[PDB]
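Okay, so here's the structure we're looking at.
In what follows, chains are A, B, ... by sequence order, proteins preceding strands, each numbered from 1. All ligand and atom numbering here is 1-based and tracks the order in the structure. FYI, side chains are in, hydrogens and waters are out, and symmetry mates aren't considered; it's all heavy atoms of this structure.
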Amino acid sequence: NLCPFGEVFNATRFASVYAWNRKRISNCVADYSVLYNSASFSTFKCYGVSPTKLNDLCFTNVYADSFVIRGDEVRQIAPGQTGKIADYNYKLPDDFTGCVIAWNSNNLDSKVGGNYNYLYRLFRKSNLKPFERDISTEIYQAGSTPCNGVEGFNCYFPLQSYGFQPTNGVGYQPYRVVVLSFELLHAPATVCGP
Amino acid sequence: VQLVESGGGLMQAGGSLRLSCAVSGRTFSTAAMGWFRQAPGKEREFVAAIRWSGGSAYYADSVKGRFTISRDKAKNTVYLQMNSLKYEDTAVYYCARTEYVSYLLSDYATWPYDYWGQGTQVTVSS
Ligand SMILES: *[C@@H]1O[C@H](CO)[C@@H](O)[C@H](O)[C@H]1NC(C)=O
């Protein structure tokens, strides 16, 4: 009864970071070894928990959050970070105790002439709370004049394309990210290691 | 992916024509559509753009108050309503499509678009 981590890590298409996807994992055996033994990953940071000790703990739910950002933004997927991604797109809590996993996806997510299909939120009235998701396309009021849903001076569309060309510097190449969160509730702990 | 234009043709000055541009084939996303025109022996020039999301429009100074760009998302079609036609409006009109999302609508006036239609003749007579 294997946890379906394959569906997340090996998905053909990933979400834009503003529209990040969550998979709820429950009622299954989690083989964390397949992840922590892999040569596929450039980032594999776990905060106060080791994939090794996960193999003898049970959780009520595990969440796998997945999306694309550029290489130099992977550092923002960590507790206590700021920047466009942490502030407006995907926010970890200060007390995060899960894992952040990332790999270069230049082969899949870039194309000659530019892949523009991956977006991020460039403007927002306030910072996201941890694990908050905002997919609104409200015209953003940068000035004192209301926009009334009409773009113009100081009235902007809040989303912006990444420009992923395969010749980009590695800092500007696409990275696929999976964030694992481990949840223990009053209810039965049914996600266990082997 | 194909952009299929229709409408336009011959109309006397002061009259109104509507151009259509239908997008066919599998698309992942559409950021914006635009109309451009090329008069014989002149460079192709921007006419109008519309953001697919929200429908905000951006116009060349030469067509403000005369032309309206609009789009039907369900029909994947963009339209140019060409009112108060002048001899200067005589040109081949091209629709264009991009998946590039800029926060800044005015960027669609100068952005190099990814996909182009075959072009549709508009001729304004006396
Ligand atoms: C993803 O697929 C590869 C085979 O292409 C496999 O080796 C890897 O373990 C898979 N990932 C997961 C988490 O199942």
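- Within the structure, ligand 1 has A:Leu35 among the residues with a heavy atom less than 4.0 angstrom away.
- Using a 3.5 Å distance cut-off with no hydrogens or angles, the side chains of A:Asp65 and A:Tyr90 do pair a donor with an acceptor.
- Of the protein's non-hydrogen atoms, A:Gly6 CA, 3.5 Å is the one closest to atom 14 (O) of ligand 1.
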| Residue pair A:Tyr162, A:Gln173: steps toward the side-chain hydrogen bond (donor to acceptor under 3.5 Å, both in side chains) verdict | CA-CA 9 Å; A:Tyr162 290 110; A:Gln173 284 178 18; over 6 Å; no

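- In this structure, atom 7 (O) of ligand 1 has no protein heavy-atom contact shorter than 4.0 Å.
- A donor atom on one side chain and an acceptor atom on the other are found under 3.5 Å apart for B:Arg97 and B:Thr27.
- For ligand 1, the atoms closer than 4.0 angstrom to any heavy atom of A:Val34 are 9 (O).
- Shown here for B:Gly9 and B:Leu17, the closest heavy-atom pair between the two residues is O-CD1, 3.7 Å.
- Protein heavy atoms are found less than 4.0 angstrom from atom 3 (C) of ligand 1.
- A:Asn27 and A:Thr190 share a donor-acceptor pair across their side chains, judged by distance under 3.5 Å alone.
- In terms of protein heavy-atom proximity, atom 1 (C) of ligand 1 is closest to A:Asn10 ND2, 1.4 Å.
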